[PDB]
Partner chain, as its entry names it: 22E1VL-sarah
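Before any questions on how it binds or moves, here is one chain, the form deposited without the partner chain, in C-alpha cells.
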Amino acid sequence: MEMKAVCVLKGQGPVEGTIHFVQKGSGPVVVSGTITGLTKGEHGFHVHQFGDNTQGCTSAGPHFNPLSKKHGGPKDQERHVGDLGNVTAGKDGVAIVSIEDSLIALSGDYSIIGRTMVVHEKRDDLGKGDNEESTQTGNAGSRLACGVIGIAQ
C-alpha cells in the first residue's frame, strides 16, 4: 500500500541534499526534503531516465519520458513524466522541496525507483522558451547534483 523512497544528491561542487518520496497505492507521489549550497532563485528539478552515476550526473541520461512527449512544467499536459519544474533556493542557498505529482510513481511503468533525481544550475523555463532546447530540458543547464532513487523503509 504505502511505498517510500529516498535520494541523496551529490555533485562535484557544494550542492547536496536529501529527497524523500511517499506514494499510497496509485495516489500522487509526495516529494519532500532539502537541498543546500544553491544560488538564490529557481533551479530545474527532474527525474532522469537512468540510475547510472558512472560519469557523475551526465550518465543519468535525459528526462524520464515513457510517454515520448516534449518537455513542459509539471502542470502541462505535454510534459515528460520526470518534469517536476523548479525548486526555489532562498538567500541562504537552501531549497525546501514540497511537490505533489501525479505522473511519477514508485511502482509500475511510471516508477522512478532506480532512476536519478537531478537539480540544475538554472531555472527550468517549463518548455516555453521558444528554442528547441526548451522543448527538451527547459534550458535548465548543467546538473549540479544528483542521486539514484532507492527503496526506503
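Positions refer to the first chain, counted from 1.
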- request: Mind pulling up the entry and telling me whether 137-145 or 5-13 has the higher mean Cα temperature factor?
  value: 5-13
task: Pick between 54-62 and 91-99: the one whose mean CA B-factor in the entry is higher.
output: 91-99
field: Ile35, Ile112, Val118, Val29, ranked by C-alpha B-factor: the highest one
entry: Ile35
task: Would you check the entry's CA temperature factor for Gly127 and let me know if it's in the chain's lowest, middle or highest third?
output: middle
- request: Just say lowest, middle or highest third for the CA B-factor of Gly44 relative to the other modelled residues in its chain.
  value: lowest
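One more form of this protein exists, namely the form deposited with the partner chain bound; it is left out here, but the text below deals with it.
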field: Contact test in the deposited complex: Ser26 vs the partner chain, heavy atoms, 4.5 Å
entry: no
message: Please determine whether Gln12 contacts the partner chain in the deposited complex, using a 4.5 Å cut-off between heavy atoms.
response: yes
message: Please determine whether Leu38 contacts the partner chain in the deposited complex, using a 4.5 Å cut-off between heavy atoms.
response: yes
task: Determine whether any heavy atom of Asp125 comes within 4.5 Å of a heavy atom of the partner chain in the deposited complex, and answer yes or no.
output: no
query: Pick from 38-46, 97-105, 66-74, 80-88: which stretch has non-hydrogen atoms within 4.5 Å of the partner chain in the deposited complex?
result: 38-46
